[PDB]
């Protein structure tokens, strides 16, 4: 028997990557997978990732979701990805006929965590087990559930101090300074979407998280015991979700550069796939990389959408400054195979924004991290990484999007990262604890095993 599972995709490599990786896992665990795509993807990368998955996995059916015509002026925000989310959510009543067509009949529908509010009702109509695929950390998933209860308690949500805390069941309380800055702005489309999603998690049959038990410090089994005792869906840890084989082009220019570098001497720098630093911050970060006295691999973005980042790096910095930096380190404004770079033995550290997928890839390859939160769940994530002993988080730098960090300071913190032996040691340990979880008898592999057996 092969349980037919449907994956409902949203938008962004942050969400798309763990969805595709999970699709590949399901397929390799004797399930039938059908992914529900929507075009045109905001970013070119999304399009390529899907074409590469379908090419490698012909046994994966693709049904295209056709959204309703959308007027972006009806939405609060100018963010392309958020806008796309809203388009898909507004087309929710159209998913019902589409699912009925699919044969053989489904056994479970795995929804992206940004669409839960709108599509959990749909799945209920067809008596379909629905599972939330949470793309971030467990502590982040727990704040999302609690945040509706929080704002309801406040008469005036404007006169709220940064010092105030939001208590999370089973986790260390979260300071409002760590809460996504946009949350303080209720009525923003992002906030309204996450308030409604967090209220609907309880309607799902389970919550899938890209994590493993050892990472969380063993607080998870207790939490699930309390959650079950209150009629709440269980936290299902199936991570680390293994990077697919189509993510390893062994002849990349940056990969070839790395082969000519000493072991553990290269600092890899990336701030994700949907965010770009300001002009001033980009200039300062360039300065700080030279000051670090470290070999570095730097992935620059000047705009959120890769499709629109047409300007050359010469324009922002100047050929003078740019040519100078290319002497001390490798700089590239393109899409790089991040997981392929992280596994390379030349890479000794990672300067990241705290995006969960990145952090989990660094856990998987055992690379120390310097987390520099820019927005969203990255501060909550920063703390989780720090408590795992894998990364360091400079709290003095605040949010990246609202505070400028000058070059001199960046250089000194990167030096500390390249010589932080407790981080290196913990990495090796946490890495081996990661492999064990996906091996047979592993904690993660075990949970996925009971999932499929209930499908079935």
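Numbering follows the first chain given and starts at 1.
The PDB entry reports B-factors from which the mean C-alpha value can be compared for 282-290 and 227-235; the larger average falls on 227-235. Between 175-183 and 156-164, the higher mean Cα B-factor belongs to 156-164.
Per the PDB entry, 318 shows the highest C-alpha temperature factor of the residues 355, 366, 318, 376. Reading the B-factor column for the CA atoms of 252, 107, 199, 273 in the entry, the top value corresponds to 252. Sort the chain's modelled residues by C-alpha temperature factor and residue 212 lands in the lowest third, per the entry.
For residue 438, the recorded CA temperature factor ranks within the highest third of the chain's modelled residues. In the deposited entry, the Cα temperature factor of residue 27 sits in the middle third of values across the chain's modelled residues. Annotation for residue 394: CA B-factor lies in the highest third of the chain's modelled residues. When all modelled residues of the chain are sorted by CA temperature factor, residue 93 is found within the highest third.
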